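Trainee: For reference, the structure I am asking about is given below.
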4 protein chains.
Amino acid sequence: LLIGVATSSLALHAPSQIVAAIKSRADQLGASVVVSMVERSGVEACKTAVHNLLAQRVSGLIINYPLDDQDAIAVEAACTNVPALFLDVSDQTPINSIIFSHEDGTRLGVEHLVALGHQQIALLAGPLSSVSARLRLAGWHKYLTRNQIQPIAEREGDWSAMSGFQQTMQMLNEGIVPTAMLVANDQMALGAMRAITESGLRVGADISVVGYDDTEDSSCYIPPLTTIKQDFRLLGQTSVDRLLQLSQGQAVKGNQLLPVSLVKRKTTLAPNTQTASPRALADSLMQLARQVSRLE
Amino acid sequence: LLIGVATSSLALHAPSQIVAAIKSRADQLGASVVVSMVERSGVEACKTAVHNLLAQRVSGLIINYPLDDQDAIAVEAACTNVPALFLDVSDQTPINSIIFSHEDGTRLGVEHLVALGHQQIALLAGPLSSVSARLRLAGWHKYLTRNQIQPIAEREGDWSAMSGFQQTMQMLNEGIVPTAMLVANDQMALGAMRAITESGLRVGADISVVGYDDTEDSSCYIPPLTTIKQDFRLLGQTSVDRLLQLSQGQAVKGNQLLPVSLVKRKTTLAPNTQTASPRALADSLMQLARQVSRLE
Amino acid sequence: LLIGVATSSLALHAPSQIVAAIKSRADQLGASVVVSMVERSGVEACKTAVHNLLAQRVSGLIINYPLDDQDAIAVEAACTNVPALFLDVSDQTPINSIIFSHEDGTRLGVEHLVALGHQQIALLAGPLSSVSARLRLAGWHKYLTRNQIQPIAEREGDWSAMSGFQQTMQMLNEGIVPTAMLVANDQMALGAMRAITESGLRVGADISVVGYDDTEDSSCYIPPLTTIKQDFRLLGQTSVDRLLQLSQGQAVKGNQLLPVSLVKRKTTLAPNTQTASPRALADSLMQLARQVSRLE
Amino acid sequence: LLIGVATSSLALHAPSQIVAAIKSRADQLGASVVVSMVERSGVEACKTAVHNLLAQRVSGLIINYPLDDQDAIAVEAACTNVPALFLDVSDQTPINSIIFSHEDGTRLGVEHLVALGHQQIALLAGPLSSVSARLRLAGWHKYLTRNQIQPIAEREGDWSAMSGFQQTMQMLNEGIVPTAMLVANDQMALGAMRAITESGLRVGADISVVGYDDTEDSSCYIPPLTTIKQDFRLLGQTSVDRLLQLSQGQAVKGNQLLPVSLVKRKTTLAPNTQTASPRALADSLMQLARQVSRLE
Ligand SMILES: CC(C)S[C@@H]1O[C@H](CO)[C@H](O)[C@H](O)[C@H]1O
Ligand SMILES: CC(C)S[C@@H]1O[C@H](CO)[C@H](O)[C@H](O)[C@H]1O
Ligand SMILES: CC(C)S[C@@H]1O[C@H](CO)[C@H](O)[C@H](O)[C@H]1O
Ligand SMILES: CC(C)S[C@@H]1O[C@H](CO)[C@H](O)[C@H](O)[C@H]1O
């Protein structure tokens, strides 16, 4: 009983909250989990990661890493005879896998904003060289389409807070001031939020943001982020588990999806990028002047 | 060579970021790394990961886990005839250790705080279990004192955003309102922030905050966290290198302290009991500008 | 396969960008390119180049050089067998050409200034030797009368920046001061901008300028300029596709016009005469805010 | 006597100004210049570029493309017997090549600021995968270090007018505010120049920028660039000329250096006007608030 976990960059919270979640279930079942982090590169990076664990004489493999249909299949055979469960793959590729409904994920985000009266929605996607990053972009460009609305913007980030921050100062330094944004994860929305703020914009009221994952700090990110949840606590549960099932005789086989949901919090409101004021705002500015000349 | 790591919960940013770095360095030297995850509960928890990692015939062992003066010893003996490096222990311990200066980290934090005219300072510590936690709490006590200052409050967290949040919300609600707050880590600092905001107070202008760590996301928090940088990257390469040196008997024995540095950003600023509309005001004309434009 | 391109001066931005574009499209289908630098000398030069690329045994020729009707007719005669494709000609020439709608491109530019309330409009053309420049000056002329205006000034640059400069500040020196200037290409607009500024006016607020091309750097001229966007990347791609199929029996033939668009930015504003409030304020308020967050 | 020219991206101004000269020169001797291109791949891309040209019976080969010491050496062999002149290389890579003085170009930048009284300078370097950019970063260090100063920042761009904008949005938003920047190319200066302005700073008077290359548009940028002139005409010339000489048995086989210069203009002043953020700011916020006041 020695579960091998070939995971992402543990810098990112998700691949981390997942491992914690894994190590946690293997705990009660009474099995041992052993991590092997895997490089930024791809396919072959993952392969060696795989080989290591194979050497430790692991029992089965949970591959938490981005792979294209083709790559996934490669890696599977790399494992030779050990049963390997895949966590970040197309919900189409043959291999055994557990995926969060990328279809429901986007559908919810999209429809929540539309109902809220938003029309000018901008998209901040993850690193398009990542299947999961790719499948949410798709679902965005579908559920907004079926709703008739079209994305006034589209950026590419990389799962970091800074990435979401730059791509949002960029988008705003050239004229696209929307009323809502669909971000590919919670860290990018964190940065995205500071962005929208250092710009005189009220997050939520002026620009509604909706993260995606609902990692831990998301509750405390200033406006407690309205985010789509991915229960990794329960993803590891089902994972370690099914992994046992495949090895110890049977299985279930191939694609198996889990649900997601809209954790409605505080970054999403009626469009109204604020309307009105006569010379009320003139009277406002007026005082700051006193204040400023109150200084020099 | 094969490096083994006993680690705290991979879900805490700092530990995840310290694990990720140790990775990079093993990578540059053609060495594999395997991580055993531990349940921050006790010394036994620790002896296990070690004990299983010592079954992998790992070449070096790195124990990044909060062991006590006497526990460390139990664990060093546990990691039989293999060199181990302890990362969360005390320089006050006869084990091969590499740690960050707690004496400076706390020194600066106070030094910076008193330097801006703050006198009523509140302390928000981490789980008093962590040697480190307790260490950081010793320092703040030492330096506030050398500045004839005694803290007006001292709550305790558990290293997470939500504890930083629950704790200040309680303090604040208790009539206790500081003018500057010293937090044990960036994460809890996120929480304290949100609380300080929901209390209707300008974080920076009214209550200045100083985390301690400079984990990734901090450059993107609300007003970016003025915070004690612990160079996890630095910590990474050293341990890895020294672990080889270690196997080869190269007596890089005993303790050795890495430095911290105060990163200035947007949460520290003088006590708002001086001038009014400091820094902020600027980014108030910004809001107003962004309202007037909305009307044309 | 192997395409040849007889080009205008490579030192002129748009033609360079078009070549770079054509290069990519070639690459996409694995077509080899080869460029011949044509001297502004004239059709006897653009003829030699045609003859030189024929020496190489090109499969198809793209000719982006500003030839005149009979000058175009004369060069195709020289395109023995190999199919030539003309980029700089008039839709009116009975050869195979692909160009950008000089109609809409001059239409919008005018409509944009008329709808902004301008009326004293000055024109800055390119060298009247070229069809394209003259094609552009014809439009401006048509729409201004059709919108009951007649340019108050009409100068002639040569596509370079310095022309835009000299020419404008020259007109400015004769005391001919307009509220809007239409310029034949971005480069010249860069220059005009400096002349304007250098002679004491706020480009935009006082004299507004439109461009034509939206070449690379345009996003960065201090006030980024509103300009007629011509997609050279599209041009480049079609050029090849057409040339291929064309040259490959599948006779396309004739002339096809590509669409353009008005890229709105910071140089086009309402006339200063009317309140100087077109905007001013939102743009102003905001950067004053940044100097208000610089002394505290 | 046919000269094959394997050039870089022609999107950039310098490689295009050099081709223009390359032809302009070859034009005088009664020689043909056939331009071939390379993407940003490296060696293989530069080699195909070379095999292509070899096909057309080119008698010369001018490689104006970034090659690493041993990569140059490969492409030379690739180049075969047909004599090759390299334009982008290091003075100590063993082949016949003409390069501007990276040593004096950086020396002049440095000494100019130092003597002007600049202490805090930032470094906007070019893509560190381009020898030009590298020897040019190193050079600046040497002279600054020689002068007792160290870069308060060091960013990396990619030669476009936009990377200049983002790295100055960046380096500035993250608090660094130098008083001089040594930019590694004139296009990247239009962005820094534009960034430094949109942040309430006066280029020249507040941040002092100094570009590199001095290309055609630089004398028309807003405050016209104090730049380092690389005489692209003298280079085109010396290039072709020397090219027919080695072709014709002669030599001086290996390194050859041309001079650089400092074209002083208006982006460099003595550090400070004292206050870009003073009293007026409130009086000015007033008339604004009042210019506001009336659109309601
Ligand atoms: C593992 C990274 C690609 S990041 C990570 O993966 C998770 C599970 O796939 C979720 O996708 C998160 O949104 C994303 O941040
Ligand atoms: C596992 C916790 C002690 S968290 C973590 O560990 C790091 C390494 O020592 C530092 O202690 C960080 O402050 C702390 O946040
Ligand atoms: C062919 C150049 C002399 S000019 C160049 O060409 C483009 C494509 O035709 C456009 O005509 C540009 O405005 C002009 O600068
Ligand atoms: C092709 C690029 C390196 S751009 C270009 O190259 C010339 C080569 O000498 C110069 O070095 C310029 O500084 C740079 O912008």
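Identifiers in this document derive from the order of the structure tokens: chains are assigned A, B, ..., residues are numbered from 1 separately in each chain, and ligands are numbered from 1 in order of occurrence.
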Do a neighbour search on range 242-252 of chain B at 10 Å with only C-alpha atoms, toss out local chain neighbours closer than 2 positions, and write the hits as a PyMOL selection string.
Mentor: chain B and resi 1+3+59-62+81-85+96-98+237-240+254-256
Trainee: Identify all chain D residues at most 9 Å from chain B by counting only C-alpha atoms; ligands do not count. Present them as a PyMOL selection string.
Mentor: chain D and resi 174-175+285+292
Trainee: What does the Cα RMSD come to when chain C is optimally superposed on chain D over every C-alpha atom in order?
Mentor: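 Answer to one decimal place: 5.0 Å.
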Trainee: I want to know what sits within 12 Å of residue 34 in chain B, based on only C-alpha atoms, with residues of the same chain fewer than 4 positions away left out; could you give that as a ChimeraX atom specification?
Mentor: /A:4-7,33-38,49-50,52-53,55-56,58 /B:1-7,19-20,22-23,26,49-50,52-62
Trainee: To one decimal place, how far is CA of residue 229 in chain D from CA of residue 196 in chain C in Å?
Mentor: 25.9 Å
Trainee: Which residues form the shell of 8 Å around ligand 2 when you count only C-alpha atoms and all ligand atoms, given as a PyMOL selection string?
Mentor: chain B and resi 7-9+12-15+18+40+64-66+87-88+99-100+130-133+159+184-187+212-213+230
Trainee: At what distance in Å, to one decimal, does atom 7 (C, counted along the ligand's line) of ligand 3 lie from CA of residue 215 in chain C?
Mentor: 9.5 Å
Trainee: Would you mind telling me which residue in A:91, A:241, A:206, A:111 lies nearest to ligand 1 when using only C-alpha atoms and all ligand atoms?
Mentor: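 Looking only at the distances to ligand 1, the closest residue turns out to be A:91.
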Trainee: Determine which residues of range 55-204 of chain C receive a DSSP assignment of alpha helix (DSSP H), computed from the backbone, and state them as number ranges by chain.
Mentor: C: 55-56, 69-77, 102-115, 131-146, 161-173, 186-198
Trainee: Would you compute the distance between CA of residue 234 in chain D and CA of residue 258 in chain D? Give it in Å to one decimal.
Mentor: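 These two atoms are separated by 8.6 Å.
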Trainee: Which of these, C:253, C:155, C:142, C:134, has the shortest distance to ligand 3 once you count only C-alpha atoms and all ligand atoms?
Mentor: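 Answer, going by the shortest atom-to-atom distance: C:134.
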